[PDB]
Amino acid sequence: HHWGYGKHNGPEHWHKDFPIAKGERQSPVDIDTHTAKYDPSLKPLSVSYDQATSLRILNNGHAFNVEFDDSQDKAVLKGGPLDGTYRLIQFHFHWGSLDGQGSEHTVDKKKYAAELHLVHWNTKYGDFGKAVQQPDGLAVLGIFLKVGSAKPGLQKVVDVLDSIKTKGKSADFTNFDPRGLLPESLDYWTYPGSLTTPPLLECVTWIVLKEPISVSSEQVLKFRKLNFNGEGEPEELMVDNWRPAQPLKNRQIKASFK
Ligand SMILES: NS(=O)(=O)c1ccccc1Cl
Ligand SMILES: [Zn+2]
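For my numbering, add 1211 to where a residue sits in the sequence shown, where the first one is 1.
This is the structure we're talking about:
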């Protein structure tokens, strides 16, 4: 049936339903740190998450989304390479079956244990659905996770996962503050790319932070106890929900730092 991450419906199949899978600005990519070019004209990123309103967390059968109220300018991203204001609509993760894999972007071929995506849409296009139809419609902030010490501001997410074990379950998830997921530094690489899941629209400015956050072994362990299937189906653990690195082709990765 439909796309997933298994042997029969995984990334090497997606192009059949989604020919853009082999397009010119696909994500994720390997970030060759020696080839990315310092661009002294990029500004500092501006993450304004003080007023963020989270609503809900949901298992959509590929990952879990923590969803925000994006009907006003309450949590925005601006600056960096971005023109205009992008509102936070959701974040999710991609993670592995083992600590040695899980991230979508890689750094000099290094795979991290998981990668967080904070998904924002350009408010000149009025909603998320219109933004994805535009070459500068989305801005995703990518943050790598490595396993070491626990990240305290992730724990509230880890502790609700038992309640959304299977596809289609959701749970109320208000008053969660995503500034607790950020690393200290905001140095980044940026390039134009795509959703890394179907429909793989080429609508994203990717902003990937150099500095990983660390989470504990028990934290990422809880991610791996999720299910891709729906309740009362045979259990397929939700792991390795990451697309591998795609050809860079005709793109340059720019760095905010030297
Ligand atoms: N993995 S991703 O590219 O951030 C993504 C996934 C689903 C919807 C929107 C986006 Cl930007
Ligand atoms: Zn993602």
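We put the beta carbon where it would ideally sit given N, CA and C, even for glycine.
DSSP, read as helix, strand or coil, puts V1343 in coil. According to the DSSP assignment, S1428 belongs to the alpha helix (DSSP H) that extends over 1428-1434.
In terms of CA proximity to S1427, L1365 leads the group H1305, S1381, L1365. About 19 Å separates the beta carbons of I1424 and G1291, which is beyond the 8 Å limit, so they are not a contact pair.
Looking at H1245, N1452, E1413, the one whose alpha-carbon comes closest to that of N1220 is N1452. Per DSSP, the continuous alpha helix (DSSP H) segment holding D1370 begins and ends at 1366-1371. The distance from the Cβ of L1420 to that of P1394 is about 6 Å, consistent with a contact at the 8 Å cut-off.
DSSP, reduced to helix, strand and coil, places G1391 within a helical segment of the structure shown. Judged by the Cβ position, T1408 qualifies as a neighbour of ligand 1 at the 6 Å threshold, a heavy atom of the ligand being closer than this. Cβ atoms of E1326 and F1355 come within 8 Å of each other, at about 6 Å.
Under DSSP, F1275 shares a beta bridge with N1270. Note on geometry: alpha-carbon atoms of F1229 and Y1216 lie some 15 Å from one another.
Beta-carbon to beta-carbon, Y1249 and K1469 are separated by about 5 Å, close enough to satisfy the 8 Å threshold.
Taking 4 residues as the minimum length, the alpha helix (DSSP H) runs contained wholly in the stretch 1216-1258 are 1225-1228, in order along the chain.
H1331 has its Cβ no nearer than 6 Å to any heavy atom of ligand 2. Taken from the Cβ of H1328, at least one heavy atom of ligand 2 lies inside 6 Å.
As DSSP reads the structure, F1302 sits in a beta bridge with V1277, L1329. In this structure, DSSP gives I1418 an extended state, which the three-state scheme calls strand.
With a 10 Å radius around the Cβ and a threshold of 16 neighbouring Cβ atoms, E1235 comes out exposed.
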